[PDB]
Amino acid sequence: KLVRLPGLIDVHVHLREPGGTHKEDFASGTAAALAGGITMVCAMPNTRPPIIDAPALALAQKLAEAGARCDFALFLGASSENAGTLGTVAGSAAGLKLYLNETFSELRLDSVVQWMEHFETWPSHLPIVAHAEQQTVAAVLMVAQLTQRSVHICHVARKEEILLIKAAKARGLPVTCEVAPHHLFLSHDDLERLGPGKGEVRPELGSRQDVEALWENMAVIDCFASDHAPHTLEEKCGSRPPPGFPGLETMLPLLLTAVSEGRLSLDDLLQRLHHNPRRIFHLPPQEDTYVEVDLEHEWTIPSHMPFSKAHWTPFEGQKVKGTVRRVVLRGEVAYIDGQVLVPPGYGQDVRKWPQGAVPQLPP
């Protein structure tokens, strides 16, 4: 017996196009998404060129429309020059992304005052998400309060961070957050196996106590999102390993295994991969869209999953229970048992759908 799930949403993926297409592109990354039971993705802006102005967004929209196999929305990225310049295109994006820790020069913000300027100028009804680690979580929460609006914290990875967010929620502050599978299923204990290159990710892998704390505070976690961050094995194993793990094809099987073990319920999972992403990012429903999974099938994660161009996975060797058998997207069979059956270009920009615009008060 298969279980029918709604179309799942991953609000944090790096699809590398334009400019890093040896690592992934829209066509390969969305194939990976479909194989992982994901029917809608939100793509991050740290491409080359980065999506930090209207022309770069226009290019990205066309590349995505031509290459995506599932539906999508594209983030804009905050820079040190673009506050106050994104108003005309803001509503067409998934949201605004702030890189508040390590990143490349084009997306670096040198001062908290620049964070404030973005919070003040970005339209108040549209999402803002932040890469914010450790004390940076508290700092960006302060900026959000000074500017009287909400913020969403990406990939919470530490006991310190989830407890801070928990305290903020207890005070009624408008903050939401997401957690990535590697911060729930890997830890320092895995670094010996992974090695120093493969093991590089930001936020870094946590201690057993960090992992435990995330599970214990599941009530505080609004969304799961992969932070799919593909790089090739050559890059990961080289002299300057870039941070990041591929994760679209492994996320749902890992979480289904946890459901099967009673670590969280099926509903807990669907709140975090469907309902909460929809409501935080104002993402529209997908008509005639669903995922069929087999919860009984036991398998071992191989050295690489079929679709991502990363061609490696840090979860190699983990035993899982649960598999995606079929995906239907807008009334077409998109995936069955290892075969993707919708072409590049089948996917659409959900922000262009009437039901995908974020509601706002008139001027």
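Numbering starts at 1 and follows the sequence shown.
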What about residue 193, is it left unmodelled in a third or more of the other PDB entries we looked at? yes
Does the comparison with other entries of this protein show residue 348 left unmodelled in at least a third of them? no
160 to 168 or 79 to 87, whichever carries the higher mean Cα B-factor: 79 to 87
So, looking at the entry's B-factor column for Cα atoms, which has the higher mean, 324 to 332 or 37 to 45? 324 to 332
Go through 175, 73, 194, 186 one by one and give the residue whose Cα B-factor in the PDB entry is largest. 194
One of 227, 102, 249, 222 has the largest Cα B-factor in the entry, namely 102
For the chain shown, is the CA B-factor of residue 16 in the lowest, middle or highest third of its modelled residues? middle
Assert third(CA B-factor, residue 278) within chain per record equals middle
Among the modelled residues of its chain, does the C-alpha B-factor of residue 237 lie in the lowest, middle or highest third? highest
So where's residue 341 on the chain's Cα temperature factor ranking, which third? highest
Looking at the temperature factor on the CA atom of residue 124, which third of the chain's modelled residues does it land in? highest
